[PDB]
Each structure stands twice: as C-alpha cells, then as structure tokens.
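# Fold and contact review
Here is how the chains run, residue by residue.
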4 protein chains.
Amino acid sequence: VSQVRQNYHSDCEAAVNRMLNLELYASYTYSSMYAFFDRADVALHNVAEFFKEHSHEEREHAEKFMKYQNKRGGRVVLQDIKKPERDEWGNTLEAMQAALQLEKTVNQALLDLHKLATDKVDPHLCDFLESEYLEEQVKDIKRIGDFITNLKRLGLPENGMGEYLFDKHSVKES
Amino acid sequence: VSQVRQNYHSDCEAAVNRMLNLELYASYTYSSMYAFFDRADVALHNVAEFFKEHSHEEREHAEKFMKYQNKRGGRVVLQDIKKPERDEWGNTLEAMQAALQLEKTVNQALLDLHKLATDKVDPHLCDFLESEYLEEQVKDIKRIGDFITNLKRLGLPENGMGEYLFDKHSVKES
Amino acid sequence: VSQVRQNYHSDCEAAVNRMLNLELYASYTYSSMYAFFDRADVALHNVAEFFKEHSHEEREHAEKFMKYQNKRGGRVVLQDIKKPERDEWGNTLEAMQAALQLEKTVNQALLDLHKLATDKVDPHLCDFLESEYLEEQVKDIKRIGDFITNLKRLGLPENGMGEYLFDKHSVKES
Amino acid sequence: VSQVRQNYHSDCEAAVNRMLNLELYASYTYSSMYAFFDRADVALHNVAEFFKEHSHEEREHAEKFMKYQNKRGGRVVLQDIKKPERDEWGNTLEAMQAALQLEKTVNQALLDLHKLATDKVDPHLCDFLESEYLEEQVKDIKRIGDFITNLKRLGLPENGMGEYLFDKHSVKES
Ligand SMILES: [Cl-]
Ligand SMILES: [Cl-]
Ligand SMILES: [Cl-]
Ligand SMILES: [Cl-]
Ligand SMILES: [Cl-]
Ligand SMILES: [Cl-]
Ligand SMILES: [Cl-]
Ligand SMILES: [Cl-]
Ligand SMILES: [Cl-]
Ligand SMILES: [Cl-]
Ligand SMILES: [Cl-]
Ligand SMILES: [Cl-]
Ligand SMILES: [Cl-]
Ligand SMILES: [Cl-]
Ligand SMILES: [Cl-]
Ligand SMILES: [Cl-]
Ligand SMILES: [Cl-]
Ligand SMILES: [Cl-]
Ligand SMILES: [Cl-]
Ligand SMILES: [Cl-]
Ligand SMILES: [Cl-]
Ligand SMILES: [Cl-]
Ligand SMILES: [Cl-]
Ligand SMILES: [Cl-]
Ligand SMILES: [Cl-]
Ligand SMILES: [Cl-]
Ligand SMILES: [Cl-]
Ligand SMILES: [Cl-]
Ligand SMILES: [Cl-]
Ligand SMILES: [Cl-]
Ligand SMILES: [Mg+2]
Ligand SMILES: [Mg+2]
Ligand SMILES: [Mg+2]
Ligand SMILES: [Mg+2]
Ligand SMILES: [Mg+2]
Ligand SMILES: [Mg+2]
Ligand SMILES: [Mg+2]
Ligand SMILES: [Mg+2]
Ligand SMILES: [Mg+2]
Ligand SMILES: [Mg+2]
Ligand SMILES: [Mg+2]
Ligand SMILES: [Mg+2]
Ligand SMILES: [Mg+2]
Ligand SMILES: [Mg+2]
Ligand SMILES: [Mg+2]
Ligand SMILES: [Mg+2]
Ligand SMILES: [Mg+2]
Ligand SMILES: [Mg+2]
Ligand SMILES: [Mg+2]
Ligand SMILES: [Mg+2]
Ligand SMILES: [Mg+2]
Ligand SMILES: [Mg+2]
Ligand SMILES: [Mg+2]
Ligand SMILES: [Mg+2]
C-alpha cells in the first residue's frame, strides 16, 4: 500500500472513484442544459448561464474528490463520462425538474458514501462529506425547489410571458 | 431549419459536435495526468498543475465549440466522454510524449475540419478555426516539444534528479 | 492604374462599391425603424434606440468599405441609396423579422464577395471580410434570432403587455 | 464534579490528557530534528527550520487540548515528556521517514480518541477532533510522503547533491 495510507478502506476508495464519476456526469448534464437554453430557438440566457455555473461547480467537486483520493493514498481510477439522458430539455420547468432529480441523486450517493464511511469507521471521510458536500447540496436542492414553485406560479409550461419573467428576475443577470 | 442558419452545412455541424467531444476527451486525459503527478508516490506538483491548467484550457475550447454551434444554428449533440487510454502515466517524459501525441491528434482533427469547411465554402468556420484554434495549437505543440527535448537532456527516464529539476525550473511554480 | 494597386481585380473593386451601397441601404432601413418606434403612437423607445444604434453601425461599415477601396487603389463610386421597403414597421416582431432578413441579405452579399475574392486569389480581401465583417454578422443574426424567439414567447403580435416587457428587459435601457 | 461538566466521560478526560502528552512528545522530537539539521556538520538550514516550525505547531496543538480539557470541566494532568527515540537523525530521508511514522502515530491516537468519543456518545469531542485535528493530520502526512518520494528520486541517502537540492527547493526558504 501507499506510505501515506491510514484507516482508508478499499471499499471507500472505490466509492470515492464512483462519486468522482457521478460529479463529472452531473457537470456534463448541466452543460447540456446550458447549451439548450443558449439556442436561438430557446434563448433564455440567464437560465443558460445558471446551468453553466452549476456545471463548473460540479466539475470542481469532482476535482476535490480526486485531490481527496490522493491525500488518503488511494488511486484515482477514471471511467467514461456518460452523456446526459436527454438531448433537449423542453423548457425551464422541465429542466429545473431534471436538475432537482439530479441533485437528489447526487445527494443520495453522498449519503450512501457517508454510511459506508461510518461503517468502516472513517471519521476523516465523514468530516469531508459533511464539511464540503452535504450542506451545499441541501442549499442547491432548496434553491431549485424554490425555482420550481415559482415556475409553476408563473404558469409554466404554457405561459411564455411567465417563463420570460423568471429568466429576468429569478436567476442572476448574466 | 433554424431561422439563424445560413451557409452552414450539415456535415460541418456534425464535425463540430465531434470536435467538441474530442476537446472534452483531451481535457479528461489531462485531468488524469494531473491526478497522477499529484500522487504521494509521484509528487511532481508543478508538472501536475501544468496538466490541470491544460485540462481547464481544453474544456474551455469545448465550450467555445458549443457556443459556435448555437451561433450558426446547428444543434449541440453530446456523446460519452471516453476515459483516457492509460490509468497511470509512468513519469514526466512519458506523460509529455503522450501530451504531444494528443495535441497532434487534436491538431489533425482541427485541420480536417478546416478542409471540410473549405470544401463546403464556409469562410466563417475557416476564420473561427484559424483565429481561435490553429495558432494556439502550434504554440502548445512547440512548448511540449521543447519540454521533451529538455527532459531527454536531463536524462529521463533514469535520472530522478533531472526529473526533479525539470519540475522546479521548466514549468511554472504552482 | 493607381501606383498603390496590386493584386486587386476590377470585379472586386466593383463588388466593394456595391457592398458600400448595400451597407448604406441597410443603415437607412434601420433609421426608418428607429423613426417608427420613436412615434408617439408606437412609443417603444428602447427598441427605437436599438435600431438607431444599428443604423450607425451599418454606416460605419460603409465607411470602412470606402477606406478599403482607397487603400487597395480602387475608386469609390457612389449610387443612390434606395429608400426602405416599408414606411411603417407594424410592431417589434415584424420589425425584428425584417431586421433578420436584412442581416441575412447583407451576410449573403458578404459571402458572395468572399467567393469572388477567393476566385480572384485576393487573400487581403478575404482577410478583411473574415476579420471585420463575417463574425460580427453571425453575432447580429444570432441576437435578432434570440429576440424573435422571445417576442413569440411574449405573445406578439397580440400581447401588448409582452411587447412592453420586451422593450424594458431585452434591449438595453436608453 | 465541575459545574460546567456535561456529557464528559472520565475515560475521555483521561485520553485527552494522554493526547496532550503525545503532542508534547511529538513537538520535542521535532525540536531534536531541528537541532540536528542546524549542526555545522549537517547544515541543512531549510530542513532544520521546517522541523522547528512543526515543533511549534505540535506545541500549539498540545495547548489546544489543555484549553479543551478545561472547557469541558475535566482536569489537566501532566506527565513527563519523554526524550526523543534518537539523538541524531542520520540525514533528511531518515528524518522524514521518522516524521512520517510520528505523524501516523499521532493520527492513530487521534482516531482512537474519536472511537472512544463515539462509544461514549460525545459529539462535541468528535467535532473537535474532526474540525481541529484529523484533516490537518492528513495534510501533514501527505506532505511528508511527497517529500520522501522526492528524496528517493534525488538519490538519498547516497546523493549529497540531491540532498542539497531538496533543501533549496522542496522546503520553504528560511
Ligand atoms: Cl494503497
Ligand atoms: Cl489503510
Ligand atoms: Cl481495505
Ligand atoms: Cl468534463
Ligand atoms: Cl431527448
Ligand atoms: Cl457543504
Ligand atoms: Cl426563489
Ligand atoms: Cl397561466
Ligand atoms: Cl437547422
Ligand atoms: Cl444553411
Ligand atoms: Cl446541409
Ligand atoms: Cl495504464
Ligand atoms: Cl489560435
Ligand atoms: Cl523549454
Ligand atoms: Cl543521465
Ligand atoms: Cl487603378
Ligand atoms: Cl491590380
Ligand atoms: Cl482587373
Ligand atoms: Cl446616410
Ligand atoms: Cl409601408
Ligand atoms: Cl467580424
Ligand atoms: Cl435574448
Ligand atoms: Cl399571449
Ligand atoms: Cl469534574
Ligand atoms: Cl459529565
Ligand atoms: Cl464518567
Ligand atoms: Cl541515536
Ligand atoms: Cl483539521
Ligand atoms: Cl513535493
Ligand atoms: Cl543517485
Ligand atoms: Mg481496492
Ligand atoms: Mg450510452
Ligand atoms: Mg459546513
Ligand atoms: Mg452548491
Ligand atoms: Mg453539490
Ligand atoms: Mg417586470
Ligand atoms: Mg445534419
Ligand atoms: Mg471503454
Ligand atoms: Mg482563408
Ligand atoms: Mg491569430
Ligand atoms: Mg493553448
Ligand atoms: Mg488547443
Ligand atoms: Mg473596373
Ligand atoms: Mg424607388
Ligand atoms: Mg481555397
Ligand atoms: Mg475575428
Ligand atoms: Mg455587429
Ligand atoms: Mg454587419
Ligand atoms: Mg476520571
Ligand atoms: Mg527514558
Ligand atoms: Mg463536522
Ligand atoms: Mg475542517
Ligand atoms: Mg498541520
Ligand atoms: Mg497534527
């Protein structure tokens, strides 16, 4: 084993690699959403930029898992980054609904990794998840839930004027 | 077709999507190299950071293709991002040799896209490649060639002291 | 011939004069749109100012063709600047639809001039078009396409409130 | 018992006193390493200063345990601080190998205290260890592992020039 490795279970090492892949997958989905809302036949640029920023955030969270893996003496093992489930994202409501489900999927994987770290008595990995991931996850889920409620209030999907207004007022001007 | 689309061939649209995928593939390879040199049993951190920066550069070049696709009225279509060819990168010389070959692969795909844009009489796409890609490519290839020459001069792969010195002197201090 | 003239075909010289006239024609159309939206019975002043700015841009692009003609040793030959096709422009959607078609007309003439410069092996004229015209054209077409999509979303032409909101939010406050 | 004491097990109190002693022991070992590398017949002053700084860090971590003990209502009980295992430290590689083993010894004691705090359902003590100790420990272990890899690369112990270069380049200039 590595000279630095201490109290780091093989199972946790492997689950960290799977988490790295899932963050890369999430980043790629958000990039797809960015590309969709940037289209001339969609043209909701503040929404597009929101998703672009979330793609960059998820990529940074993947990089943090890489750094973590190495700090603990495990080995970063990469797999293919699967393309997103959809090629087009319908409208702001459909996209935000998909984003919510993606954030919950990532959150469940984080919570599952915390259970594993707990089972293997790894308090460093527990701390890492609690301090760097779990609360920012709860915030992102809350924000997207807030958005979905407002998009429904604005009459999505039918109400184009409501969709226009969300883009001007609910997401930061880009 | 899109209302914005003008003088944009289907073939070019598709080749732009393939180029986007290749830039994402290149970014992912550089990330792998970063992760390798960051290891406690490799520990060449300036080299690692060089590759990290090149991964971020390639990702930005992918994003530029997405934006381009939309500007011309084509449709961004994503595919899986294949994992890198190797899981470990040997040493600085082997990595830089792989980097050189990757940059030449990307350059050939850019040159092939320029031939296609020329065949389809698309001067906007030609300009884009010439102004945003081809010269920065030539610079990156030259830099990596310079590095390889210096790594050989320093006695790689056998000469560890030479590898240590390259990391301190040839790549920017991180 | 002029002492400065080198590698400049008569055909290209003449096509540059026609391009100068077309830019002046485009500027004049945008001025008409400005005047329409400035009316007390139309009164969409941010839209008006958008068109005014685009009129000034096209006039500057005409001036650039004049300067070019002289730099290459050709002779600027002016013709009448035809009045715009319409005297009134209906509403923001109709105007933007007309603007899109005008920008595409100008783009096709630029692309036709690039084909001619290519046929006559004039790389300076090719560069000029690529560096000063073709990309800014693609950007203007994309912007107007984005606008049209949003105007449709806002319920134009029937939805006056949507037209009001476009003027406040989609074009820069004047 | 103390008026402030709540949910603080006797066992944890005692283990905190043992941890305080171990941090003082670690500080004293690093001081010995400092003194060795400061010698005129060793004379690697940047290495010496690295160990001096780590001695001061460990002493501060001991002081933090004292403060903790009092905050929780336990009683600081001091024991002798045993002299280091060696009186001379061979060379930079031997010293760093000893440092790695010391950091792992301290880390295991921290992890053992976390297990005890977990057994006695003391989340405050768990937090304290996670927030103030465990991650900085992982960082120090990683740094020393990185160093050992570079010292081997530089040809230690035989290669004096490599040892000289490590002192100039790998540790901060003092
Ligand atoms: Cl290992
Ligand atoms: Cl282990
Ligand atoms: Cl294990
Ligand atoms: Cl990526
Ligand atoms: Cl789809
Ligand atoms: Cl967090
Ligand atoms: Cl909200
Ligand atoms: Cl509604
Ligand atoms: Cl199309
Ligand atoms: Cl077309
Ligand atoms: Cl086609
Ligand atoms: Cl491999
Ligand atoms: Cl370039
Ligand atoms: Cl060089
Ligand atoms: Cl050699
Ligand atoms: Cl002449
Ligand atoms: Cl001539
Ligand atoms: Cl001629
Ligand atoms: Cl005029
Ligand atoms: Cl009319
Ligand atoms: Cl341009
Ligand atoms: Cl827009
Ligand atoms: Cl409506
Ligand atoms: Cl007490
Ligand atoms: Cl108690
Ligand atoms: Cl007790
Ligand atoms: Cl001794
Ligand atoms: Cl810590
Ligand atoms: Cl290092
Ligand atoms: Cl040696
Ligand atoms: Mg394993
Ligand atoms: Mg598939
Ligand atoms: Mg927190
Ligand atoms: Mg977040
Ligand atoms: Mg997150
Ligand atoms: Mg409003
Ligand atoms: Mg097609
Ligand atoms: Mg495969
Ligand atoms: Mg050319
Ligand atoms: Mg250039
Ligand atoms: Mg470059
Ligand atoms: Mg490149
Ligand atoms: Mg003539
Ligand atoms: Mg007439
Ligand atoms: Mg040609
Ligand atoms: Mg340009
Ligand atoms: Mg323009
Ligand atoms: Mg133009
Ligand atoms: Mg007691
Ligand atoms: Mg004794
Ligand atoms: Mg915590
Ligand atoms: Mg912390
Ligand atoms: Mg520390
Ligand atoms: Mg410590």
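Residues numbered from 1 in each chain as written, not as in the entry; some residues may be left out. Chains lettered and ligands numbered in written order. Part of a larger assembly, values for the part shown. Heavy atoms only, no water.

Per the PDB entry, chain A carries the name Ferritin, middle subunit and comes from Rana catesbeiana. Per UniProt, chain A carries the Catalytic activity text "4 Fe(2+) + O2 + 4 H(+) = 4 Fe(3+) + 2 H2O". Among the UniProt annotations of chain A, the heading Sequence similarities holds the following wording: "Belongs to the ferritin family." (UniProt positions renumbered as here; feature names shortened; annotations may be inferred.)

Further remarks concern the overall build of chain A. The helix and strand inventory of chain A stands at five helices and zero strands. Written out in order from the N terminus, the α and β elements of chain A read α-α-α-α-α. Taking the principal axes of its C-alpha atoms as reference, chain A extends roughly 60 × 25 × 25 Å. Looking at chain A residue by residue over its 174 residues, the buried ones come to 60%. (Helix = DSSP H or I, 4+ residues; strand = E, 2+ residues; numbered from the N terminus. Buried < 20%, exposed > 50% of the residue type's maximum accessible area, 1.4 Å probe, protein only.)

Another aspect to go through is the packing of helix α5 (residues 160-169) of chain B against helix α5 (residues 160-169) of chain D. α5(D) packs onto α5(B) with a crossing angle of 20° between their chain directions and a minimal axis gap of 11 Å. As far as their axial angle goes, α5(D) and α5(B) are roughly parallel. Taken as a pair, α5(B) and α5(D) cross one another with a handedness that is left-handed. Counted together, B:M161, B:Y164, B:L165, B:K168 and B:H169 of α5(B) and D:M161, D:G162, D:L165, D:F166 and D:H169 of α5(D) form the full contact between these two elements. Here the contact of α5(B) with α5(D) is composed, by residue class, of six nonpolar, three polar and one charged. (Axes fitted to C-alpha atoms, helices over the stretch in contact; angles between N-to-C directions. Parallel < 35°, antiparallel > 145°, perpendicular 65-115°, else oblique. Left-handed = near helix turned anticlockwise from the far one by under 90°. Contact = heavy atoms within 4.5 Å. Nonpolar A, V, L, I, M, F, W, Y, C, P; charged D, E, K, R; others polar.)

Right, let's get into the relation of the copies chain A and chain B. When chain A is fitted to chain B, the best match, at an RMSD of 0.0 Å, comes from turning it 180° and sliding it 0.0 Å along the axis. The two molecules are tied by a two-fold rotation axis, judged by turn and shift. In terms of proximity to the rotation axis, the leading residue of chain A is A:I81, whose C-alpha is 2.5 Å off the axis. Of the interface residues in chain A, 100% have counterparts in chain B that sit at the interface too, so the contact is made through matching surfaces. (Least-squares fit on C-alpha atoms.)

Right, let's talk about the interface of chain A and chain D for a bit. Many analyses report the size of an interface as the accessible area lost when the parts associate. The interface of chain A with chain D comprises 12 residues on the first partner and 17 residues on the second. Here chain A meets chain D over a buried area of about 1400 Å², counting both sides, of which 57% is carbon and sulfur. Joining chain A to chain D, the criterion identifies one salt bridge. For the salt bridge of A:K71 with D:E135, the shortest nitrogen-to-oxygen distance reads 2.6 Å. Here chain A is connected to chain D by eight residue pairs in polar contact. Of all the secondary-structure elements, those providing two or more residues to the side of chain A that touches chain D are α2 (45-72) and α4 (123-153) of chain A. Residues that form the side of chain A that touches chain D fall into these classes: three nonpolar, five polar and four charged. (Buried area = accessible area lost by both parts, 1.4 Å probe. Salt bridge = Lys/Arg side-chain N within 4 Å of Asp/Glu carboxyl O. Polar contact = N/O pair within 3.5 Å; in protein donor to acceptor, adjacent residues only side chain to side chain.)

Overlaying chain A on chain D yields an RMSD of 0.0 Å, the required transformation being a rotation through 120° with an accompanying axial translation of 0.0 Å. This pairing of chains is accounted for by a three-fold axis.

Let's shift gears to the UniProt feature "binding site: Fe cation 1" in chain A. Residue and element names in this part refer to chain A. On the UniProt side, "binding site: Fe cation 1" is annotated at positions that read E23, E58 and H61 here. The greatest C-alpha distance among the residues just named is 6.6 Å, despite their covering 39 residues of sequence, which places them together in space. Along the chain, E23 falls in helix α1 (residues 10-37). Contact partners of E23, with chain neighbours within four places excluded, come to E58, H61, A62, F65, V106 and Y133.

This part takes up the interface of chain A and chain B. With 33 residues of chain A in contact, the opposing surface of chain B contributes 33 residues. Counting each side, the surface lost to burial between chain A and chain B is near 3000 Å², with a carbon and sulfur contribution of 45%. The largest per-residue losses of area from chain A upon contact with chain B belong to A:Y28, A:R39 and A:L78, which jointly make up 20% of the total buried on that side. For the interface between chain A and chain B, the tally reads six salt bridges. With a shortest N-O distance of 3.9 Å, A:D80 and B:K82 are connected by a salt bridge. The tally of links between chain A and chain B comes to 17 residue pairs in polar contact.

Here the focus is the side chain of D:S27. One can find D:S27 in helix α1 (residues 10-37). Apart from the residues within four sequence positions on either side, D:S27 is in contact with D:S55, D:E58 and D:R59.

Core analysis: the biggest nonpolar cluster contains 110 residues, and A:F51, A:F65, B:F51 and B:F65 have the highest contact counts within it. Elements that contribute at least two residues to this core include exactly α1, α2, α3 (92-119) and α4 of chain A together with α1 (10-37), α2 (45-72), α3 (92-119) and α4 (123-153) of chain B. Once you skip the residues sitting within four places of it in the chain, A:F51 turns out to touch A:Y30, A:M33, A:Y34, A:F37, A:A95, A:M96 and A:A99. (Core = buried A, V, L, I, M, F, W, Y, C linked by side-chain atoms within 4.5 Å.)

Right, let's talk about the pattern of salt bridges for a bit. As enumerated under the stated definition, the model contains 52 salt bridges over all chains in all. Taking the shortest distance from any N to any O, the salt bridge between B:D122 and B:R72 comes out at 3.0 Å. Residue B:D122 is found in the loop between α3 and α4, and its partner B:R72 is found in helix α2; the two are separated by 50 residues along the sequence. Residue classification places B:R72 among the buried residues on the basis of a relative accessible area of 4%. A salt bridge links D:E88 to D:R86, with the nearest nitrogen and oxygen atoms 3.0 Å apart. On the basis of relative accessible area, D:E88 is assigned to the partly exposed category, the value being 40%. Relative accessible area serves as the criterion here: at 27%, D:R86 is assigned to the partly exposed category. Via salt bridges that share partners, A:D11, A:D119 and A:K120 belong to a single interconnected network.

Below, the discussion takes up the packing of aromatic side chains. Pairs of aromatic rings are described using the distance from one ring centre to the other and the angle between the two planes. Residues and elements named next belong to chain B. Evaluated as defined, the whole model comprises 44 aromatic pairs over all chains. Ring centres 5.2 Å apart and planes at 85° place the aromatic pair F147 and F166 in the edge-to-face group. Taken together, the positions of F147 in helix α4 and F166 in helix α5 put the pair 19 residues apart, joining distant regions of the chain. Given the relative accessible area of 5%, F147 is considered buried. (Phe/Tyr/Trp six-rings, centres within 6.5 Å; stacked < 30°, edge-to-face > 60°.)

This brings us to the UniProt feature "domain: Ferritin-like diiron" in chain A. According to UniProt, the positions carrying the feature "domain: Ferritin-like diiron" are residues 6-155 of chain A. The distance separating the terminal C-alpha atoms of residues 6-155 of chain A is 55 Å; by composition the span is 77% helix and 0% strand.

This next bit is on the state of the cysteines. By definition, a disulfide links the sulfur atoms of two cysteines through a covalent bond. Residues and elements named next belong to chain B. Scanning all chains against the criterion turns up zero disulfides over all chains. We note that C12 lacks a disulfide partner, and the nearest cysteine sulfur, in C126, lies 8.4 Å from it. On the basis of relative accessible area, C12 is assigned to the buried category, the value being 1%. (Disulfide = S-S within 2.5 Å.)

Residues and elements named next belong to chain D. As for its position among the elements, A43 is in the loop between α1 and α2 (45-72). Residue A43 is classed as partly exposed on the basis of its relative accessible area, which comes to 38%. With 124 residues separating them along the chain, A43 and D167 place their C-alpha atoms 9.9 Å apart.

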